[PDB]
Amino acid sequence: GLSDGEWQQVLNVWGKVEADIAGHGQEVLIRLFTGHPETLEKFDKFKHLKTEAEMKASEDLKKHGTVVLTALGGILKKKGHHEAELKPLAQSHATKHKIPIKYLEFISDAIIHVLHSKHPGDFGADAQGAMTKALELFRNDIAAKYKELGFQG
């Protein structure tokens, strides 16, 4: 788990995201889709986006960014006591959306990148360590629910 000081760094960093949740969410998803184009094929409603300009110009992609980060932010604020929130999220992603756990590693990397890009010099080594722990905890709990389902991809 994370210590109290680590959770405090995670939620301090999350305050940066909440100042502009749709814009963080857009950029994180665009980083995901452009770095890993197989991820976009999972999204019937984003599969039409052929260029990064089209991605940036999609209001619906910003709206999804809002939904995705709002879910993540509520989970983070549980400081690891997140079973009731996380289990349905994992089950939805395995059974309906068919999202391999590797995509959660991809978006975790994208969050760290986007945080440095939007907050350069204001996301220090301690804060990156804490946020990395929180994202590992989230994906590892999701991975345990996928194992229950026997879900691979």
# chains A, B, ... in the order shown; residues from 1 in each chain; ligands from 1
>>> residues_around(residues="residue 91 in chain A", least_positions_apart="4", cutoff="12 Å", atoms="only C-alpha atoms", output="JSON, numbers by chain")
{"A": [83, 84, 85, 86, 87, 95, 96, 97, 98, 99, 100, 101, 141, 142, 143, 144, 145, 146, 147, 148, 149, 150, 151]}
>>> residues_around(residues="residue 10 in chain A", least_positions_apart="6", cutoff="7 Å", atoms="only C-alpha atoms", output="JSON, numbers by chain")
{"A": [127, 130, 131]}
>>> residues_around(residues="range 57-59 of chain A", least_positions_apart="3", cutoff="12 Å", atoms="only C-alpha atoms", output="PDB file with N, CA, C and O atoms, in the first residue's frame")
ATOM      1  N   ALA A  22     -11.189  17.797 -17.936  1.00  0.00           N
ATOM      2  CA  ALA A  22     -11.449  17.435 -19.332  1.00  0.00           C
ATOM      3  C   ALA A  22     -10.175  17.579 -20.146  1.00  0.00           C
ATOM      4  O   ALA A  22      -9.903  16.743 -20.993  1.00  0.00           O
ATOM      5  N   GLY A  23      -9.368  18.598 -19.848  1.00  0.00           N
ATOM      6  CA  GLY A  23      -8.157  18.815 -20.642  1.00  0.00           C
ATOM      7  C   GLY A  23      -7.047  17.793 -20.323  1.00  0.00           C
ATOM      8  O   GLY A  23      -6.432  17.236 -21.254  1.00  0.00           O
ATOM      9  N   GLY A  25      -7.812  14.746 -19.126  1.00  0.00           N
ATOM     10  CA  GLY A  25      -8.363  13.525 -19.664  1.00  0.00           C
ATOM     11  C   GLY A  25      -8.126  13.450 -21.152  1.00  0.00           C
ATOM     12  O   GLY A  25      -7.767  12.375 -21.629  1.00  0.00           O
ATOM     13  N   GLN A  26      -8.398  14.506 -21.967  1.00  0.00           N
ATOM     14  CA  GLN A  26      -8.171  14.508 -23.426  1.00  0.00           C
ATOM     15  C   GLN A  26      -6.725  14.157 -23.680  1.00  0.00           C
ATOM     16  O   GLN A  26      -6.418  13.319 -24.552  1.00  0.00           O
ATOM     17  N   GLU A  27      -5.808  14.851 -22.973  1.00  0.00           N
ATOM     18  CA  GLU A  27      -4.390  14.690 -23.354  1.00  0.00           C
ATOM     19  C   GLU A  27      -3.910  13.270 -23.000  1.00  0.00           C
ATOM     20  O   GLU A  27      -3.106  12.678 -23.729  1.00  0.00           O
ATOM     21  N   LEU A  29      -5.799  10.575 -22.944  1.00  0.00           N
ATOM     22  CA  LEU A  29      -6.269   9.647 -23.954  1.00  0.00           C
ATOM     23  C   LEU A  29      -5.583   9.788 -25.287  1.00  0.00           C
ATOM     24  O   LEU A  29      -5.370   8.791 -26.001  1.00  0.00           O
ATOM     25  N   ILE A  30      -5.340  11.031 -25.717  1.00  0.00           N
ATOM     26  CA  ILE A  30      -4.604  11.195 -26.939  1.00  0.00           C
ATOM     27  C   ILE A  30      -3.189  10.551 -26.866  1.00  0.00           C
ATOM     28  O   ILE A  30      -2.731   9.927 -27.813  1.00  0.00           O
ATOM     29  N   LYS A  45     -16.795   4.431 -30.556  1.00  0.00           N
ATOM     30  CA  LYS A  45     -17.043   5.818 -30.832  1.00  0.00           C
ATOM     31  C   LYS A  45     -15.828   6.780 -30.998  1.00  0.00           C
ATOM     32  O   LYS A  45     -16.038   7.979 -31.189  1.00  0.00           O
ATOM     33  N   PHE A  46     -14.595   6.279 -31.010  1.00  0.00           N
ATOM     34  CA  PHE A  46     -13.396   7.086 -31.306  1.00  0.00           C
ATOM     35  C   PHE A  46     -12.612   6.539 -32.500  1.00  0.00           C
ATOM     36  O   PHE A  46     -11.720   7.192 -33.021  1.00  0.00           O
ATOM     37  N   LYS A  47     -12.984   5.353 -32.951  1.00  0.00           N
ATOM     38  CA  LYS A  47     -12.336   4.704 -34.067  1.00  0.00           C
ATOM     39  C   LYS A  47     -12.340   5.521 -35.345  1.00  0.00           C
ATOM     40  O   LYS A  47     -11.418   5.374 -36.139  1.00  0.00           O
ATOM     41  N   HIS A  48     -13.316   6.425 -35.515  1.00  0.00           N
ATOM     42  CA  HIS A  48     -13.345   7.339 -36.702  1.00  0.00           C
ATOM     43  C   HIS A  48     -12.203   8.374 -36.664  1.00  0.00           C
ATOM     44  O   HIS A  48     -11.914   8.931 -37.747  1.00  0.00           O
ATOM     45  N   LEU A  49     -11.588   8.636 -35.478  1.00  0.00           N
ATOM     46  CA  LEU A  49     -10.540   9.666 -35.330  1.00  0.00           C
ATOM     47  C   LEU A  49      -9.282   9.181 -36.046  1.00  0.00           C
ATOM     48  O   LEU A  49      -8.627   8.219 -35.631  1.00  0.00           O
ATOM     49  N   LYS A  50      -8.960   9.815 -37.167  1.00  0.00           N
ATOM     50  CA  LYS A  50      -7.807   9.383 -37.907  1.00  0.00           C
ATOM     51  C   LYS A  50      -6.526  10.121 -37.633  1.00  0.00           C
ATOM     52  O   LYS A  50      -5.460   9.642 -37.995  1.00  0.00           O
ATOM     53  N   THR A  51      -6.595  11.347 -37.155  1.00  0.00           N
ATOM     54  CA  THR A  51      -5.385  12.171 -36.929  1.00  0.00           C
ATOM     55  C   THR A  51      -5.438  12.755 -35.519  1.00  0.00           C
ATOM     56  O   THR A  51      -6.496  12.799 -34.892  1.00  0.00           O
ATOM     57  N   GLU A  52      -4.289  13.202 -35.025  1.00  0.00           N
ATOM     58  CA  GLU A  52      -4.314  13.811 -33.736  1.00  0.00           C
ATOM     59  C   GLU A  52      -5.143  15.119 -33.783  1.00  0.00           C
ATOM     60  O   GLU A  52      -5.774  15.465 -32.754  1.00  0.00           O
ATOM     61  N   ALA A  53      -5.151  15.826 -34.900  1.00  0.00           N
ATOM     62  CA  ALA A  53      -5.989  17.022 -34.979  1.00  0.00           C
ATOM     63  C   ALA A  53      -7.442  16.731 -34.778  1.00  0.00           C
ATOM     64  O   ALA A  53      -8.128  17.451 -34.011  1.00  0.00           O
ATOM     65  N   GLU A  54      -7.927  15.613 -35.386  1.00  0.00           N
ATOM     66  CA  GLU A  54      -9.300  15.198 -35.200  1.00  0.00           C
ATOM     67  C   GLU A  54      -9.484  14.867 -33.725  1.00  0.00           C
ATOM     68  O   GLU A  54     -10.523  15.232 -33.180  1.00  0.00           O
ATOM     69  N   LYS A  62     -13.092  14.772 -25.156  1.00  0.00           N
ATOM     70  CA  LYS A  62     -12.958  15.517 -23.877  1.00  0.00           C
ATOM     71  C   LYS A  62     -13.990  15.064 -22.891  1.00  0.00           C
ATOM     72  O   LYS A  62     -13.623  14.903 -21.717  1.00  0.00           O
ATOM     73  N   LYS A  63     -15.230  14.821 -23.333  1.00  0.00           N
ATOM     74  CA  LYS A  63     -16.299  14.416 -22.407  1.00  0.00           C
ATOM     75  C   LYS A  63     -15.896  13.038 -21.805  1.00  0.00           C
ATOM     76  O   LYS A  63     -16.003  12.784 -20.582  1.00  0.00           O
ATOM     77  N   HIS A  64     -15.419  12.123 -22.652  1.00  0.00           N
ATOM     78  CA  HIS A  64     -14.982  10.805 -22.145  1.00  0.00           C
ATOM     79  C   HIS A  64     -13.812  10.997 -21.154  1.00  0.00           C
ATOM     80  O   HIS A  64     -13.703  10.302 -20.164  1.00  0.00           O
ATOM     81  N   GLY A  65     -12.875  11.882 -21.494  1.00  0.00           N
ATOM     82  CA  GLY A  65     -11.799  12.190 -20.572  1.00  0.00           C
ATOM     83  C   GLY A  65     -12.285  12.594 -19.207  1.00  0.00           C
ATOM     84  O   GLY A  65     -11.797  12.119 -18.223  1.00  0.00           O
ATOM     85  N   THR A  66     -13.320  13.464 -19.154  1.00  0.00           N
ATOM     86  CA  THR A  66     -13.975  13.815 -17.941  1.00  0.00           C
ATOM     87  C   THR A  66     -14.513  12.582 -17.209  1.00  0.00           C
ATOM     88  O   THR A  66     -14.269  12.425 -16.010  1.00  0.00           O
TER      89      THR A  66
END
>>> residues_around(residues="residue 116 in chain A", least_positions_apart="4", cutoff="12 Å", atoms="only C-alpha atoms", output="NGL selection string")
:A and (13 or 16-17 or 24 or 27-28 or 109-112 or 120-125 or 127-128)
>>> write_last_selection(atoms="C-alpha atoms", output="PDB file, in the first residue's frame")
ATOM      1  CA  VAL A  13      -0.999  16.080  -7.526  1.00  0.00           C
ATOM      2  CA  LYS A  16      -3.618  19.753 -10.590  1.00  0.00           C
ATOM      3  CA  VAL A  17      -5.705  17.438 -12.674  1.00  0.00           C
ATOM      4  CA  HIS A  24      -6.032  16.356 -18.672  1.00  0.00           C
ATOM      5  CA  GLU A  27      -4.390  14.690 -23.354  1.00  0.00           C
ATOM      6  CA  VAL A  28      -4.017  11.388 -21.477  1.00  0.00           C
ATOM      7  CA  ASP A 109       2.660   5.743 -18.278  1.00  0.00           C
ATOM      8  CA  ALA A 110       0.565   8.310 -20.198  1.00  0.00           C
ATOM      9  CA  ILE A 111      -0.633   9.973 -16.937  1.00  0.00           C
ATOM     10  CA  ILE A 112       2.914  10.373 -15.708  1.00  0.00           C
ATOM     11  CA  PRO A 120       7.073  20.866 -15.822  1.00  0.00           C
ATOM     12  CA  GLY A 121       9.230  21.255 -12.791  1.00  0.00           C
ATOM     13  CA  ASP A 122       6.186  21.037 -10.549  1.00  0.00           C
ATOM     14  CA  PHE A 123       5.895  17.196 -10.396  1.00  0.00           C
ATOM     15  CA  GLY A 124       8.904  16.277  -8.325  1.00  0.00           C
ATOM     16  CA  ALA A 125      10.553  12.956  -7.698  1.00  0.00           C
ATOM     17  CA  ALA A 127       5.306  13.104  -6.091  1.00  0.00           C
ATOM     18  CA  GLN A 128       5.997  10.940  -9.149  1.00  0.00           C
TER      19      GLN A 128
END
>>> atom_distance(atom1="CA of residue 132 in chain A", atom2="CA of residue 75 in chain A")
14.6 Å
>>> closest_residue(among="A:12, A:152, A:70, A:34", to="residue 93 in chain A", atoms="only C-alpha atoms")
A:152
>>> atom_distance(atom1="CA of residue 55 in chain A", atom2="CA of residue 36 in chain A")
14.1 Å
>>> residues_around(residues="residue 72 in chain A", least_positions_apart="4", cutoff="10 Å", atoms="only C-alpha atoms", output="PyMOL selection string")
chain A and resi 14+66-68+76-77+85-86+89+135+138
>>> atom_distance(atom1="CA of residue 31 in chain A", atom2="CA of residue 94 in chain A")
22.0 Å
